[PDB]
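Chemist: One structure, as structure tokens, below. Some questions next.
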Amino acid sequence: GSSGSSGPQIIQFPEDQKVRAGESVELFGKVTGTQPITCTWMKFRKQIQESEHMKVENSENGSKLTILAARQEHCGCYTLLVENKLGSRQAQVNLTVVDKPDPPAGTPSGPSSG
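The numbering used here puts the first residue of the sequence shown at 1, with every later residue one more than the last.
Now the structure itself:
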């Protein structure tokens, strides 16, 4: 007798977001299924390389991909792959790097400035 254990799936994952050049982002994709479970972080059909700019923490709950000192090149669509004796899965998320400060303000009764 057994219930579920169909395959690795990503129920949680970040969507198209932005990031300031130099800031720090944390992209985690919760995965469910039957452990052990493999998880790889790639981008634009290119496996990411763990470095002082991009860190990865592979764990049960899922896989995380930290981006230190976000660079202009870091900007792009990533892909979280998760394979396991059961099956496999692949997600996608768009990212954009901005080296500009906070956006302009001009809302009525907003920041209450001026």
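C-beta: ideal position from N, C-alpha, C; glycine also.
Among the candidates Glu73, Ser113 and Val98, whose CA atom is the shortest distance from the CA of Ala105?
Modeler: It is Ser113 whose Cα lies nearest to the Cα of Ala105.
Chemist: Can the beta-carbon of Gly76 be found less than 9 Å from the beta-carbon of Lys43?
Modeler: yes
Chemist: Helix or strand or just coil, what does DSSP make of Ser112?
Modeler: coil
Chemist: Taking DSSP's pairing of strands, which residues face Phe28 in a bridge?
Modeler: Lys64
Chemist: Under 6 Å Cβ to Cβ from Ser5, same chain only, skipping five residues before and after it: list those, please.
Modeler: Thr34
Chemist: So what does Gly76 bridge to, in DSSP terms?
Modeler: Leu95
Chemist: Are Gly29 and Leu80 touching if we call contact CB-CB under 9 Å?
Modeler: Contact: yes.
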